[PDB]
Amino acid sequence: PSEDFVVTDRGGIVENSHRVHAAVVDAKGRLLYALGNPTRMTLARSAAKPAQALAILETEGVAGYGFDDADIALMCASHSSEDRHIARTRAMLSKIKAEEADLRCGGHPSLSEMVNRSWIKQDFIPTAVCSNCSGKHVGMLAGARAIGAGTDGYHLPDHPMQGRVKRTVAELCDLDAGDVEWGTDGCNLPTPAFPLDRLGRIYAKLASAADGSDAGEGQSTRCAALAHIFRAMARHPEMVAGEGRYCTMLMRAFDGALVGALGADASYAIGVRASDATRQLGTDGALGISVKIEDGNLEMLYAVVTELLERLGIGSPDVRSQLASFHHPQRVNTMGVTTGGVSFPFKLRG
Amino acid sequence: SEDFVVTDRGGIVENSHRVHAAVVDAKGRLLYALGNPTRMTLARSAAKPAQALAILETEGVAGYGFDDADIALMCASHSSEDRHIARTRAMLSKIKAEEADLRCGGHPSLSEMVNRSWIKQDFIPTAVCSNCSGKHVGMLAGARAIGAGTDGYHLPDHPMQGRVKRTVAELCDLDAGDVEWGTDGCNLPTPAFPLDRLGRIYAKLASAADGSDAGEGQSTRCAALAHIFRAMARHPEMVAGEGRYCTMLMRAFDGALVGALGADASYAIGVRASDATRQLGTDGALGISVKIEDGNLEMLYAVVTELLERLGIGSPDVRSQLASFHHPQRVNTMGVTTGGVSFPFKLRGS
Ligand SMILES: [Cl-]
Ligand SMILES: [Zn+2]
Ligand SMILES: [Zn+2]
């Protein structure tokens, strides 16, 4: 497993190499395939957002605000700060009678180079509603208001909204509280770390809940909420990230068969609804995939995730070809000459 | 040897980066190491002083009257500031060439501050803006000086590139077959060789400067190497630019060493003999070369600065000018410190 790498070359000469870790799990979290160390203790960063959205949606009273599926997809989002994302953030603040000054996240350069270039041309200074995490933050303000906890300090560990987040994360992971560690995210919220396979487990449970809903099975309130989060992400993938973004292009290509989301510093998680491909992989239910590039390189992350989907047989060559520019990153110099490429000397193990 | 620089979020491991380093004496003998000090490595722009030597040794180039700042630009990966473009143009005029003779292409500036001003003006960079433009003018100079014609000066079959290839292997003390060649972002042949030989090149620069200063008899080659060292140290803003690590490093040391970046996170430093180098157990100059395996530049500058502190090169006051690179900021969008950088590696002798 110490040999699982993605490697870039220049004229066949090794340039950089990147250690890969991955877990492929069933709906109960049993490990089916791995790369690297599948239990690596890993900060999930923004890939935890579906679990935080579950804590929001399980907060009594939040249903009264009338958030719709696109709002819930924005809670699940690391969005590009496109004008539609900012506008929806402001519209969600109005639903809870809050204002931009109540947010405790900060502005940052857009995750999209094209958006950021427009901002630079305009001397635009991003503010709190422009945060890629702005939907999650409005959701947590919503829950704070709904239980009467006060919006001041909704982002601090001592607040009941964060106590709810912390218990919800551990429960979805099937871990004791002491086995989840906490830091602080760029958006200024508590953010969890846990073994990488458990990030796969969370997304397997998302997809499993979607399968149960679609088949008409009786569900707990939790499974119904998980099915709702899956549906929202898959129905509004442009809210989850934006134009040209991997997460958006991936979920559009698969048209409801899976959901996926990025974690900052190069983690990724995918929940796959039961299919011919999942059955061929040896399980009778939904499937979860999680990935971490040890050194944090995002370009390599998206190449590896796409390569892994091909090796697992998920989708078809035609579906996955929508991701070709991520799968095989361009290596072209300033005069248009191809100078190298990207290779995948790793081996899936069962 | 498992040597890493490790970033954390709240003490939880975020990313880790494998480090390779060689510390060599003036004859290339290995004194200290991290990782694999003989890793086959693409030197990229850190090879520029060897390419400048090939230029300066070309018959007739002396008649063009290149000065020290011109030679510093030949050795540069500059930020494309207005002064770098103006010097490139002055060098083209010295050889009666024009911008359309260049065979490098434009690219987003290596400086974020420069790139933002370009984006604001809708400026599209051209050949004269290349971070390698000084090297390219020098190659055009050599091609013209021997009557080989400017057309195709960048191609492997051109006599200028034959001179570069030979000069690189000679400075490395390697046979031609032990240097591999690809194509750079700037569309020139670019060499790969064991990482320690990159340190050997820079040790030879600093040794030549020591010998020029001590008034030793010198070959034409050692005299030119001494000139290259002097030029980089006298004009470190030409080698890179405002705010750049290479510039701030050489300014802080005020002639005691030179250093330059290789794209995809290699670094090389040539250290003139000093109380520090004697304390490390050599009676001459010293060379340092570093590669971050995954290509991360931020981690490269942190590691190089930590290495200078471990090796005792400079004073605490001198190295404090590099504090922002040594321990990069880890502060979120709300001004809260969220993490840090650590150096759990240990330098081994021999
Ligand atoms: Cl390139
Ligand atoms: Zn966040
Ligand atoms: Zn170049």
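Per chain, numbering begins at 1; letters A, B, ... match sequence-line order. Side-chain atoms are counted along with the backbone in the values below, which use heavy atoms only and exclude waters and symmetry mates.
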(message) Tell me the closest heavy-atom pair linking B:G182 and A:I13, and the distance in Å.
(response) N-CD1, 3.9 Å
(message) Quick check on B:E242: does its CD atom have over 12 non-hydrogen neighbours (other residues, nucleotides or ligands) under 6.0 Å away?
(response) no
(request) State whether the side chain of B:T333 and the backbone N or O of A:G186 hold a donor-acceptor pair below 3.5 Å, judged by distance alone. (result) yes
(request) Answer with side chain, backbone, both or neither: which region of A:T191 has an atom nearer than 4.5 Å to a non-hydrogen atom of chain B? (result) side chain
(request) Using modelled atom types only, decide if a donor and an acceptor are shared between the side chain of B:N332 and the backbone of A:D185 within a distance under 3.5 Å. (result) yes
(request) Please indicate whether A:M114 has more than 12 foreign heavy atoms, meaning atoms of other residues, nucleotides or ligands, lying under 6.0 Å from its CE. (result) yes
(message) Among A:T338, A:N297, A:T339, which residue has the highest count of heavy-atom pairs closer than 4.5 Å to chain B?
(response) A:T339
(message) Quick check on A:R331: does its CZ atom have over 12 non-hydrogen neighbours (other residues, nucleotides or ligands) under 6.0 Å away?
(response) yes
(request) Locate the shortest heavy-atom distance separating A:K121 from B:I119; write the atom from each residue and the value. (result) CG-O, 3.5 Å
(message) Given heavy-atom pairs under 4.5 angstrom as the criterion, report whether the side chain, backbone, both or neither of A:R40 touches chain B.
(response) side chain
(request) Below 4.5 Å from any heavy atom of chain B, which atoms of A:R45 appear? Answer side chain, backbone, both or neither. (result) side chain
(request) Please report the closest heavy-atom contact between B:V13 and A:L43, naming both atoms and the distance. (result) O-CD1, 3.7 Å
(request) Determine the minimum heavy-atom distance between B:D264 and A:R10, stating which atoms define it. (result) OD2-NH2, 4.4 Å
(message) Take a 6.0 Å sphere around CG of A:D158 and say whether it holds more than 12 heavy atoms from other residues, nucleotides or ligands.
(response) yes
(message) Heavy-atom pairs under 4.5 Å with chain B: which of A:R104, A:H108, A:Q122 has the most?
(response) A:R104
(message) Checking side chain to side chain contact (heavy atoms under 4.5 Å, CB included) between A:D295 and each of B:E14, B:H17, B:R18, B:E293, which is the one that passes?
(response) B:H17
(request) Would you mind telling me which of A:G11, A:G296, A:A193, A:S17 has the largest number of heavy-atom pairs within less than 4.5 Å of chain B? (result) A:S17
(request) With a 4.5 angstrom heavy-atom cut-off, could you sort out which part of A:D123 is near chain B: side chain, backbone, both or neither? (result) side chain
(request) Could you check which of B:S117, B:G105, B:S130, B:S266 has the highest count of heavy-atom pairs closer than 4.5 Å to chain A? (result) B:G105
